[PDB]
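First structure 1, then structure 2: two forms of the same chain, each alone, as structure tokens.
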Structure 1
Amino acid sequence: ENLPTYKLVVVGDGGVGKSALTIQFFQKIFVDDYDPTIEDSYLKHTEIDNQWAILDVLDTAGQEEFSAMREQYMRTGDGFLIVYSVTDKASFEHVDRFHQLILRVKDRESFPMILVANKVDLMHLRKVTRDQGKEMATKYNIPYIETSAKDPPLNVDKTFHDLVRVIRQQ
């Protein structure tokens, strides 16, 4: 058998939940104080839709100019999660920056990605509606998913699996 690696890159503004989502996925715990500047990668064999793969995931953090790993992951990544927080309108607006960046680096008209609206467990603080998120995803022609990394987590496994599905379906 030829077991593929899917290199997945988690991008988005600071504070949106990239680390919490990634740690929830790999460790099944909610970490609420993960250093905003620390970048980690994760590697594991896992089975998605009854097909084995290796996932190599970068949880991006801090400045690109100080990152050892960023350049290679951006250039060679197979898919991207673009994460915003529904409580941070600027983070939602900035999705367009990440969308443009990915298409520029990958040098293609489209590329595997999912729009991830995180922190949907929060009601009072929510500033970006579901419909605003879904319309943005429609504009980019990419999937839209709502998540919460807080216990009990919502759609965390599904988000990573769905990105693999997009890669497989392209």
Structure 2
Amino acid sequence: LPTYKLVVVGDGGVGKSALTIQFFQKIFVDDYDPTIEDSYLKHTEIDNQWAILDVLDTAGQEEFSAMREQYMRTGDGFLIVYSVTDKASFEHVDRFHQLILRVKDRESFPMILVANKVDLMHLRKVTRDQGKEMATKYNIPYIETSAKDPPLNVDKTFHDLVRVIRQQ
């Protein structure tokens, strides 16, 4: 089977780990005990094609560059995650896009823009159409997620990234 290395990037606190842990462990990050953790690897069927997904969950704080650098270098595709309740995380999408292309030395690369935390309806700052505009600007797909139970579009997000990788 092919292995797809999927790298999750975005500002601190946007829910990169929450999306990853929901995808693999089917639990919300707050309820999770990382004590017994290992790497995020699964065998799964996408569009009638079995694959191994190896997910690399970056820490979002600027302090942690070695992890982000290495992870970016080895990635086959990226989720650029922001929180719809955090305007700065959305503005930082531009920087993440540029950073990925710099690390890859390519002018395009498999990516999906992920607007997380959409369950927080009364706290939402970044609109659906704002997200769609940002994605369209870079000619990348846009998807809204929630890692909080009940999860929204979590499996679809990772599966769609594989679809983009396959069809590039």
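Here the rigid core means the biggest group of C-alpha atoms that line up within 1.5 Å when the two forms are laid on top of each other. The first residue in the sequence of structure 1 is number 1, and each one after it adds one.
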Exercise for the section: Once the rigid core is lined up, just say which one of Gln63, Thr129, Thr138, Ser110 has a C-alpha that travels 2 Å or more between structures 1 and 2. Expected result: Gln63
Handout entry: Threshold 2 Å Cα movement between structures 1 and 2 at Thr37, rigid core reference
Key = yes
Practice task
Superpose on the rigid core, then tell me if the C-alpha of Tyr73 is displaced by 2 angstroms or more between structures 1 and 2.
Solution key: yes
Handout entry: Rigid core fit between structures 1 and 2: Cα deviation of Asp49 in angstrom
Key = 1.1
